[PDB]
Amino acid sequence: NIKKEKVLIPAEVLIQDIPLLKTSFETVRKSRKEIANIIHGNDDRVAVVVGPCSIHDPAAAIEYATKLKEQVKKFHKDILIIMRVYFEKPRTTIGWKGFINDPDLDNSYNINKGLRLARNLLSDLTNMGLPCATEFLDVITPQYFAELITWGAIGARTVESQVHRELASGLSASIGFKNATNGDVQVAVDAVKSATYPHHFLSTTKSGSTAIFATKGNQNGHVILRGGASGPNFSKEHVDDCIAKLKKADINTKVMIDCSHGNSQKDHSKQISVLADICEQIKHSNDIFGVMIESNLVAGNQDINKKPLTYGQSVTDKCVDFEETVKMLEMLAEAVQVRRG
């Protein structure tokens, strides 16, 4: 059932072509220490992973990033802003997989081009001084850009996946694990726990070879609450339960809450009301360390097959516009100010 084996250019080559720049190196090094301390509760700033549902237009991503970088100096005493740079969209069965799989959006499937532009985008963003977030999807793609990532995620669909826990245990970035699509938080706690251990597993090298990897474990793992079939899990009730589950596993990292996806129930205009509940919580407890917001230049979404596409509007999930995103940052920064004694 194999039509064709096609050539893949190893990460080595793209790393030579698109080197780790000094500003990038320093942004990652610094922001990684900063998010680790927030995750463990040693800083009471709140982390905000904010950006487009998925990248389809790198030029639009740069323009978005410019606007975001402008806000950082307003909020940096209260908030750590990390830009969401996602290259894959989950699909129930089929559909556009994302920018890495098909960057030209035309079923040409130019994965080499995808990987090249993905890395180049991450190089550009971090070189502007913006920390970046992405989902770690498999054992091949991360070698192309994992050293440009400050914070990463394991998705709801792979939270029970053994190689994903193993993979996370070897990544340098801090890692959040989403609860299951059905709403189960225990499996995400299990995943965090597993990821703290050393593992031997099969992965790939920068030279494009297969290899055995012995990992050290990742002590900066935490749960992301993102709703599911059980219903939204952003409330105080749900956060306390998650914390209780973590303590049972002897894990002391804090909780991140996704304002979007299952918690907003896919409604982009609900993100701000989920955030309002989270801010009230942030004021009276240090249990929540972070949130995720799905945000873009133009609000809402469109069909990927529309000609011409609206510039700066999501081609996947509905996002809030930037104006609304600034209000949300204001809300979070106030939450932190009131939190502080």
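Just count from 1 along the sequence shown to find any residue number.
- The stretch with the higher mean CA B factor, choosing between 24-32 and 64-72, is 64-72.
- The mean C-alpha temperature factor is higher for 99-107 when 171-179 and 99-107 are set side by side.
- The entry assigns its greatest Cα B factor, within the set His222, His199, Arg116, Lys236, to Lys236.
- Among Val50, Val46, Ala59, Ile55, the highest C-alpha B-factor in the deposited entry belongs to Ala59.
- In the deposited entry, the Cα temperature factor of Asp184 places it in the middle third of its chain's modelled residues.
- The entry lists a Cα temperature factor for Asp138 that places it in the lowest third of the chain's modelled residues.
- When the modelled residues of the chain are ordered by their C-alpha B factor, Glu166 lands in the lowest third.
- Annotation for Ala229: CA B-factor lies in the highest third of the chain's modelled residues.
- In the deposited entry, the Cα temperature factor of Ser207 places it in the middle third of its chain's modelled residues.
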